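Results of the structural survey
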Amino acid sequence: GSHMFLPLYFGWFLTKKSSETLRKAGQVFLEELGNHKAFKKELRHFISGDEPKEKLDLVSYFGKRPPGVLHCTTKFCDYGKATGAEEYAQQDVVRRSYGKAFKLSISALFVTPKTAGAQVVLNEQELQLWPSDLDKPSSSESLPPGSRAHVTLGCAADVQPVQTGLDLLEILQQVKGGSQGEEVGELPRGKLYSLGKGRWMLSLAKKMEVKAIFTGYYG
């Protein structure tokens with residue numbers, strides 16, 4: 001009926017000034033934490049590279065793409081091809097939320113070899129923006145919900161789409177059972193919890209609140 005253009009997915013972009021504040025905080029949080037006494041002394045213990053890699057700076061490894069990009073990808077519409085997006089797209093809460101600005105709330109920061117970001121808590125706004133399709137996890141075993149409760153900040157050259165999916169969901173499960181976060185990194189603004197023999201997390205003392213705007217981007 002008309003020649004108009006539509007977005008690919010809904011999300012909250014990090015309002016530049018905020019994007020930067022969060023991009024630096026997180027980026028530095030990774031390098032500062034990476035240079036921990038426990039980490040430095042466990043450099044080999046964590047990565048046994050006595051030939052292939054005997055000096056791989058985390059900053060360069062877990063920080064290839066420009067950190068000045070902070071965007072929360074809520075639900076992907078995929079040009080309304082994925083089906084369902086349309087039904088939710090009309091959501092009075094989401095549809096009306098678009099264009100409005102809101103600050104994000106991060107409880108802790110996550111670090112990974114090829115992934116790294118901040119944990120966002122779903123409140124009333126995110127709750128209403130939660131479709132009834134995301135109610136049941138992947139296996140449908142009451143797995144820890146919150147597939148959107150994860151914002152991207154840093155990723156390596158090996159940042160695989162399948163790795164981030166499992167590592168994100170699995171890691172959420174362990175932490176749910178109170179066994180995923182060993183205090184092995186003291187931070188003036190909080191502490192670092194080992195999110196698993198391979199992952200790390202940082203619990204903010206005053207959380208990380210940034211200014212974002214709800215909108216949909218296609219390309």
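Residues numbered from 1 in each chain as written, not as in the entry; some residues may be left out. Heavy atoms only, no water.

Some thoughts on the packing of aromatic side chains
- Tallying each qualifying case throughout the model produces 8 aromatic pairs.
- On the basis of an interplanar angle of 45° and a centroid distance of 4.5 Å, the ring pair of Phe46 and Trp200 is categorised as tilted. Taken together, the residues span a long stretch of sequence, with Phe46 in helix α3 (residues 43-46) and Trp200 in strand β8 (residues 200-217) at a distance of 154 residues.
- Note on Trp200: relative accessible area 10%, which makes it buried.
- Between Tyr217 and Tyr218, the ring centres sit 6.3 Å apart and the planes meet at 90°, which makes this aromatic pair edge-to-face.
- Classification of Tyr217 as partly exposed rests on a relative accessible area of 48%.
- Residue class for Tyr218 comes out partly exposed when judged on its relative accessible area of 37%. (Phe/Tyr/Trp six-rings, centres within 6.5 Å; stacked < 30°, edge-to-face > 60°. Helix = DSSP H or I, 4+ residues; strand = E, 2+ residues; numbered from the N terminus. Buried < 20%, exposed > 50% of the residue type's maximum accessible area, 1.4 Å probe, protein only.)

What about the UniProt feature "binding site: substrate" in the protein chain?
- As annotated by UniProt and renumbered to match this structure, "binding site: substrate" occupies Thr73 and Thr152. Judged by maximum C-alpha separation, these annotated positions cover 80 residues in sequence but sit close together in space, the widest gap being only 9.1 Å.
- Counting through the fold element by element, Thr73 comes out in strand β2 (residues 71-76).
- Sequence-distant contacts of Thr73, defined by excluding residues within four places in its chain, comprise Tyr9, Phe10 and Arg148.
- A distance of 3.3 Å separates the side chain of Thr73 from the side chain of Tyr9, its partner in a polar contact.
- Mapping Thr152 onto the fold places it in strand β5 (residues 150-152).
- Once residues within four sequence positions are removed from consideration, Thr152 is found in contact with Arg65, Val69, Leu70, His71, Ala116 and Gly117. (UniProt positions renumbered as here; feature names shortened; annotations may be inferred. Contact = heavy atoms within 4.5 Å. Polar contact = N/O pair within 3.5 Å; in protein donor to acceptor, adjacent residues only side chain to side chain.)

Some details on the pattern of salt bridges
- In the structure shown here, the tally under the stated rule is 3 salt bridges.
- Ionic pairing is found between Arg44 and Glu54, a salt bridge with its closest N-O pair at 3.3 Å. Placement of the pair is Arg44 in helix α3 and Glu54 in the loop between α3 and α4 (58-61), with a sequence separation of 10 residues. In this pair, the class of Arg44 matches that of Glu54, namely exposed.
- A salt bridge links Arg199 to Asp167, with the nearest nitrogen and oxygen atoms 3.5 Å apart. Residue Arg199 is located in the loop between β7 (190-194) and β8, and its partner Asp167 is located in helix α8 (residues 161-176); the two are separated by 32 residues in the primary sequence. (Salt bridge = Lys/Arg side-chain N within 4 Å of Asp/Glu carboxyl O.)

Some words on the side chain of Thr115
- Positionally, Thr115 belongs in the loop between β3 (101-111) and β4 (116-120).
- Those residues in contact with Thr115 that sit more than four places away from it in its chain are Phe110, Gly154, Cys155, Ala156, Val159 and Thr164.

Comments concerning a nonpolar patch on the surface
- On the surface, a nonpolar cluster with roughly 520 Å² of combined accessible area is contributed by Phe5, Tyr79, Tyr217 and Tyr218.
- Within the secondary structure, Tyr218 is located in the segment after β8. (Patch = residues over 30% accessible without salt bridge, like charges linked within 9 Å, V, L, I, M, F, W, Y side chains within 5 Å. Areas by Shrake-Rupley, 256 points an atom, 1.4 Å probe, with all protein chains shown as cover.)

A look at the nonpolar core
- Counting 32 residues, the largest nonpolar core has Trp12, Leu22, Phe29 and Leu202 as its most contacted members.
- Counting only elements with at least two residues in this core, the list comes to β1 (9-14), α1 (16-34), β3, β4 and β8.
- For this core, the leading source of residues is β8, giving 7 residues.
- Excluding residues within four positions of it along the chain, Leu202 makes contact with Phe29, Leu33, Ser107, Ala108, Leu109, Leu187, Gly190, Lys191 and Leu192.
- Of all hydrophobic cores here, the second largest spans 5 residues; its members include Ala108, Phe110, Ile171 and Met201. (Core = buried A, V, L, I, M, F, W, Y, C linked by side-chain atoms within 4.5 Å.)

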